[PDB]
Amino acid sequence: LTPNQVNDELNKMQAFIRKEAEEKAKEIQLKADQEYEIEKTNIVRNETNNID
Amino acid sequence: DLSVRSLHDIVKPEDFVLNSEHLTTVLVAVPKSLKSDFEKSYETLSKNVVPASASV
Amino acid sequence: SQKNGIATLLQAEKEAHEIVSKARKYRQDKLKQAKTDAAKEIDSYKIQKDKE
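Residue numbers (the authors' numbering), protein chains in the order written: chain G, 8 to 59; chain O, 169 to 224; chain H, 2 to 53.
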């Protein structure tokens with residue numbers, strides 16, 4: 008109702024967007040690590056067959 | 169009369185701010201009677217309604 | 002105004018872009034690390050059994 012309210016909204020929404028971006032980045036990094044591990048395990052446990 | 173023409177030579181481009189890729193600026197028009205009357209109920213909008221810079 | 006709602010924005014989205022660029026570079030080097038680790042693991046697996 009006053010420029011104080013909108014000044015609060017500015018920072019509020021900017022904080023929401025940046026924190027969502029950080030959380031999404033962390034989640035995708037975790038999924039990247041999961042892909043790392045799973046692909047490594049699949050490669051090793053498939054190659055061991057021909058090695059044997 | 170106005171509102172029947174197009175906009176190709178009566179306005180200039182360098183007013184719509186594209187500095188930010190979040191704000192969107194619409195160059196809407198109003199009658200004379202209430203030209204400044206939209207200078208009161210105009211700030212409930214979202215983040216960064218760049219103030220003290222809108223005019224005709 | 003002409004500076005409060007202009008420069009802070011561009012700086013914030015530059016920060017977001019650099020964050021996601023760091024993420025992408027991490028993805029590239031982590032995929033390199035994943036494939037290299039898998040290959041070295043399978044080679045270490047094969048060499049000892051070759052000794053056997």
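Yeah, the Cβ is synthetic: ideal placement off N, Cα and C, and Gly gets one too.
query: By alpha-carbon positions, which one of G:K19, G:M20 and G:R25 ends up nearest to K15 of chain H?; result: G:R25
query: Taking the alpha-carbon positions, what's the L175 of chain O to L195 of chain O distance?; result: 11 Å
query: In this structure, how does DSSP classify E46 of chain G when only helix, strand and coil are distinguished?; result: helix
query: Between which two residues does the alpha helix (DSSP H) containing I20 of chain H stretch?; result: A8 to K52
query: Any beta-carbon of chain G closer than 8 Å to the one on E42 of chain H?; result: yes
query: Pairing CB atoms from the stretch 185-195 of chain O with CB atoms from the stretch 25-43 of chain G, are three or more of them under 8 Å?; result: no
query: I want to verify the contact list: residues of chain O whose CB lies under 7 Å from the CB of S2 of chain H, in sequence order.; result: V218, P219, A220 and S221
query: So the candidates are O:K215, O:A222, O:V224 and O:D169; which of them puts its Cα closest to the Cα of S188 of chain O?; result: O:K215
query: Helix, strand or coil, according to DSSP, for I178 of chain O in the structure here?; result: coil
query: 8 Å is my cut-off, CB to CB: does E182 of chain O come that close to chain G?; result: no
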